[PDB]
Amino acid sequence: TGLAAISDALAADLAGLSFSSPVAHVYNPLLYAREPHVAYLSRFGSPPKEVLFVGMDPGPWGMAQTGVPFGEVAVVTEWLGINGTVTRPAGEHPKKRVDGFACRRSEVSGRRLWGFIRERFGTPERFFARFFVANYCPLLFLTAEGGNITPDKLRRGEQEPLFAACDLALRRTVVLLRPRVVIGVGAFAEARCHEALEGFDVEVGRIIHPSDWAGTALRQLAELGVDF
């Protein structure tokens, strides 16, 4: 009943959703990049975790390419040692191609976050012993011009089932990993954590989106009582 089941369930939930204007294209990396994503979940997501980092943040050159939250190609391959089959989405847009691990573009938010993590902990085993990183809403929303759309710009009628599925996924994730603290990456992620994890006996907090960054993040982490 591990994380892979949760991600697959979430993938099915997202796949059954419909989106209106201005959404022209939807990327679902949980499906087309299931293999590296599940590699990530299986290798590094073993319960229990103490702190759960939650992203909101699929970017086109990060998780959209590698299936790993904040997953810049370079850090996913070199540091996490993750390889996988990544097929192109049915709704792929020319301006935002999914080249997978062949992708030459760098996701610098992911680069900064994971680089920071690698700095602090050195090896993945040290970090993932106590920590994990998850994406709250792993869909990518694009316009006909290939411009990025964020979930807050969706209509409530469409936004509600989306957040229902995502909230469900996050709840299951928290139940499974049993974290002491759930830390949103950015205030928006924290807000969603907050609603999703309403009745939960867990501490919710946030670090500054990546987006002195490292110093601010460190202070926020210290205030949440987590040694980093």
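When you see a residue number, it is the position in the sequence shown, counting from 1.
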Next item on the list: Going by the record, give me the number of deposited-sequence residues missing between residue 211 and residue 212 as none, 1 to 3, 4 to 9, or 10 or more.
Entry: 4 to 9
Notebook entry, point to check: For the C-alpha atoms alone, is the average B factor greater in 212-220 or in 13-21, going by the entry?
Noted result: 212-220
Check: According to the deposited model, is the average Cα temperature factor higher in 72-80 or in 93-101?
Finding: 93-101
Next item on the list: Check the PDB entry and point out which of 136, 116, 131, 141 has the largest C-alpha temperature factor.
Entry: 116
Item checked: Ranked against its chain, the third holding the CA B-factor of residue 200 -> highest
Next item on the list: Determine, from the deposited record, the chain-internal third of the Cα B-factor for residue 62: lowest, middle or highest.
Entry: middle
Check: Thinking about Cα B factors across the chain, which third does residue 54 belong to?
Finding: lowest
